**Q** 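If you scroll down you'll find the structure; I have some questions about it.
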Amino acid sequence: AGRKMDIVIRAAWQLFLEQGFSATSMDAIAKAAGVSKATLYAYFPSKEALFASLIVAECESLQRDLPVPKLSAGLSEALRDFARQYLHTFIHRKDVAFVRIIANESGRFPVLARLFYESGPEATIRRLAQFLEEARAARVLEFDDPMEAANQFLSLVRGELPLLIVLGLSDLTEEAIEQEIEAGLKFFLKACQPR
Amino acid sequence: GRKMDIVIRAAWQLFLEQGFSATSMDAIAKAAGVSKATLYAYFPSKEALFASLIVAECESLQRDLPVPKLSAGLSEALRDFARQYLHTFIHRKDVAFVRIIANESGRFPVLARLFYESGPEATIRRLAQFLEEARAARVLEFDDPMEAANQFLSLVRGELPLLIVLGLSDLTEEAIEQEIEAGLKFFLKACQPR
Ligand SMILES: O=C1C[C@H](c2ccc(O)cc2)Oc2cc(O)cc(O)c21
């Protein structure tokens, strides 16, 4: 239906962040959003389905803010743009929050854990890997597996940032981001360019 | 010495149960059976107590990590270090500590950075010393040792910490050697003389 749905999502996100997923009840969500349990369960048949809707919405959205790298832009420039958008999504979006909420469930909801992984981090690997296939086909990178190589690129460029963010110590200027990206990219190319 | 270690353990218990902010020096003194006089004589503040806990726990986690010896062979040294490094992630040895700090939501930055510098950055510095020996022996090339140590650890760690924290990792010994070999292969393609 209508406007109470998006009020329900926002009310639920707030409670999941402050209290965790299992600690938040559909009862509390209904109260916070000012709907009957009838209206709430008509939109989302369970708490699990609600969190699933939230994961898929945020991950589909983060995926749209990511360029599709074109080799016509230059190899270095393509990878530098992708890296830059990838780190911006980390800093300015809910990935770390999602992981904190699921990690706090101590393995109770594996189906939600996998849904987040496959909609987000694995989706980002697959998008980069498609582009790394194009670049290997153009004989300008060499590697055995594109998914393996996409994971390596993202690991290099990401470094320890997710831990710094979770500890409240990531406070890195745009200039500091370009340095992280340049170092990861330099190293990826040292390993994958024909030599 | 005498009292201190009972106070440390009593405080660790309360920090885990209740969190750092929620725990009072009053409760720590009660739990350890000392006067507030005795407690404040050993420790200036709650912040100082947590600091002693971080330094002790990080020095201890650091002792479960080899010192890589170049005399053992480059690949073998790195493979042993990588293996012991990933064992820390798999047995969730940092997890409780990090949950306590992360739950303070950036209210205690000096404690957060002391944990970072005493633990994860300490691991980078140990590896960087070893990569300097290897560069001096002309069997790796790279511009900055700490940059290179961070890259090695990033490659070998990959996605594993995320899979573990989400409860989607259960790794056989054979799967760990494959993670290490892939990271090591890549690191050497980039740093070996060509
Ligand atoms: O793959 C990683 C690495 C990171 C991490 C890095 C260093 C460390 O010491 C602990 C954790 O944890 C994560 C947390 C995330 O939200 C997303 C991620 O992709 C990761």
Side-chain angles (χ1 to χ4, degrees), chain A residues 95-96 98-126 128-129 143-163 166 191, chain B residues 57-58 60-66 68 75-99 102 119-120 122-124 126-127 149-189:
Chain A
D95 245 47
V96 167
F98 276 120
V99 165
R100 274 183 90 15
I101 296 171
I102 294 165
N104 193 63
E105 282 312 316
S106 319
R108 264 162 251 193
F109 296 101
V111 168
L112 285 190
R114 193 144 278 296
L115 175 62
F116 167 77
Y117 176 76
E118 297 199 332
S119 300
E122 196 164 75
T124 298
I125 291 172
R126 296 209 198 264
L128 182 54
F143 59 74
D144 299 321
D145 177 35
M147 302 276 281
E148 190 174 53
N151 190 49
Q152 285 161 344
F153 176 84
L154 292 177
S155 291
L156 284 172
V157 131
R158 188 171 68 241
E160 251 172 351
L161 171 60
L163 178 61
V166 136
Chain B
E57 186 50 43
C58 292
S60 168
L61 288 166
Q62 281 278 301
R63 270 188 263 104
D64 309 347
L65 251 57
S75 272
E76 295 91 341
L78 289 177
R79 188 180 293 114
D80 180 39
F81 191 81
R83 190 178 308 102
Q84 294 301 117
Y85 175 60
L86 294 187
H87 281 295
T88 74
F89 284 105
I90 288 154
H91 304 295
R92 290 134 170 282
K93 306 262 216 180
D94 264 346
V95 172
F97 237 171
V98 167
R99 190 185 309 107
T123 300
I124 296 169
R126 270 163 100 145
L127 185 56
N150 181 253
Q151 285 164 340
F152 175 84
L153 292 177
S154 289
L155 282 172
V156 131
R157 188 168 75 226
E159 247 184 345
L160 295 182
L162 173 68
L163 295 172
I164 290 163
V165 127
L166 288 180
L168 310 172
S169 219
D170 132 66
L171 280 154
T172 60
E173 16 163 37
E174 275 103 333
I176 291 170
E177 291 316 298
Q178 261 149 22
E179 284 299 320
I180 293 168
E181 197 47 47
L184 177 56
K185 220 285 83 38
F186 191 105
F187 181 75
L188 292 184
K189 246 210 311 304

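Below, each value reflects all heavy atoms present in this structure, side chains not excepted, and no hydrogens, waters or symmetry copies. Protein chains get the first letters and strands the later ones, always in sequence-line order, with residue 1 at the start of each.
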**Q** Would you say the side-chain atoms of B:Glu159 and A:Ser155 include a donor-acceptor pair closer than 3.5 Å?
**A** no
**Q** Less than 4.0 angstrom from a charged side-chain N to a carboxylate O is my criterion; do A:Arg126 and A:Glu122 meet it?
**A** yes
**Q** The test is side-chain contact (heavy atoms from CB on, under 4.5 Å); show your working for B:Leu78 and B:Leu127 and say whether it passes.
**A** CA-CA 9 Å; B:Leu78 289 177; B:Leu127 185 56; 4.0 Å; yes
**Q** Rounded at 0.5 Å granularity, tell me how far CG in B:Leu171 sits from CD in B:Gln178.
**A** 10.0 Å
**Q** With rounding to the nearest 0.5 Å, note down the distance linking CZ in B:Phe187 to CG in B:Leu153.
**A** 9.0 Å
**Q** Would you please name every residue forming a side-chain hydrogen bond (donor to acceptor under 3.5 Å, both in side chains) with A:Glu105, sequence neighbours left out?
**A** A:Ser22, A:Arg108
**Q** Can you list everything that forms a side-chain hydrogen bond (donor to acceptor under 3.5 Å, both in side chains) with B:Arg83? Sequence neighbours excluded, please.
**A** B:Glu177
**Q** Heavy atoms, side chains only, cut-off 4.5 Å: are B:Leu65 and B:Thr88 in contact?
**A** yes
**Q** Working note: B:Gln62 + B:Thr123, criterion side-chain contact (heavy atoms from CB on, under 4.5 Å); need CA distance, chi angles, decisive distance, verdict.
**A** CA-CA 7 Å; B:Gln62 281 278 301; B:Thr123 300; 3.0 Å; yes
**Q** Say you draw a straight line from CD of A:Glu148 to CD of A:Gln152; how long is it, rounded to the nearest 0.5 Å?
**A** 5.0 Å
**Q** I'd like to know whether A:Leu115 forms a side-chain contact (heavy atoms from CB on, under 4.5 Å) with A:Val111, so could you lay out the CA-CA distance, the side-chain angles of the two residues, the decisive distance to 0.1 Å, and finally the verdict.
**A** CA-CA 6 Å; A:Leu115 175 62; A:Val111 168; 5.6 Å; no
**Q** What are the two closest non-hydrogen atoms of A:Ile125 and A:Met147, and how far apart are they?
**A** CG2-O, 3.8 Å
**Q** Is any side-chain heavy atom of A:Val166 closer than 4.5 Å to a side-chain heavy atom of A:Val99?
**A** no
**Q** Rounded to the nearest 0.5 Å, what's the gap from CZ on B:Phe81 to CG on B:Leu86? Could you check?
**A** 10.5 Å
**Q** Specify the closest pair of heavy atoms between B:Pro66 and B:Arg126, including all atoms of both residues, with the distance to one decimal.
**A** O-NH2, 2.6 Å
**Q** Check whether any side-chain heavy atom of A:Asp95 lies under 4.5 Å from a side-chain heavy atom of A:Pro162, and answer yes or no.
**A** no
**Q** Quick one: pull up CZ in A:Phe116 and CG in B:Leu166 and give me the separation to the nearest 0.5 Å.
**A** 6.5 Å
**Q** Which word best sums up how the rings of B:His87 and B:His91 line up, parallel for under 30°, tilted for 30 to 60°, or perpendicular for over 60°?
**A** parallel
**Q** Give the minimum heavy-atom separation between A:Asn151 and B:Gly158, together with the two atoms involved.
**A** ND2-CA, 4.5 Å
**Q** Ignoring hydrogens, what is the shortest heavy-atom contact between B:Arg79 and B:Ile180? Give both atom names and the distance.
**A** CG-CG2, 4.0 Å
**Q** Just do the side-chain contact (heavy atoms from CB on, under 4.5 Å) check on A:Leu156 and B:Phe186 with the steps written out, would you?
**A** CA-CA 11 Å; A:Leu156 284 172; B:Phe186 191 105; 4.0 Å; yes
**Q** Look up atom CD1 in B:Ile164 and atom CZ in B:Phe89, then write down how far apart they are to the nearest 0.5 Å.
**A** 7.5 Å
